[PDB]
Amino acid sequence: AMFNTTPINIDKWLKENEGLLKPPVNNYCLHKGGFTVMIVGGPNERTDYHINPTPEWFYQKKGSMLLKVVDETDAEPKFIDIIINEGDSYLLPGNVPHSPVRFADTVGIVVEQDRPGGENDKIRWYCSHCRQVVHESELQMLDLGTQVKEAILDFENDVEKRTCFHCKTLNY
């Protein structure tokens, strides 16, 4: 029933563990329980969009990142690139689909909060040609991380899944 009282120095953690940052997500959990505190490297290797019913906080300790987001507040979508430079703080709200584009030799922090009872995450792809939803997978509420891996992998393998229903483009 005892809890950790030992802080972790990011620089030192990085000096020792930066190799633990592995594709296609490049993340590791520094702390868990109530919040998940991730440290993320690059370059990451994905085109998928995360939908998380809770908010997400990004801070770039080193280098810059690209947070592609979709604004769905109004009748039709807005596809926006949010450049988060070194030293940049940014809080993304619940339900905003987002696709972090990460580069080599960069370090970011991502804080997430645990999800309540009935709020499933989703992983979504958009068509490079027409920008309709190509494929959407709802994630089953546990071990999110190995599910966000087995969905990309299953996407990478399923050509009928990678095919836009609308314009019929095969999404690379």
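Heads up: residue numbers just count along the shown sequence, starting at 1.
In this entry, the higher average B-factor at the C-alpha atoms falls on 148 to 156, of the pair 10 to 18 and 148 to 156. Looking at 108 to 116 and 134 to 142 together, the entry lists the larger mean B-factor for 134 to 142, computed on C-alpha atoms. Taking the deposited Cα B-factors for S128, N27, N52, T36, the highest one is held by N27.
In the PDB entry, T73 places in the highest third of its chain by CA B-factor. Among the modelled residues of the chain, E45 sits in the highest third by CA temperature factor in this PDB entry.
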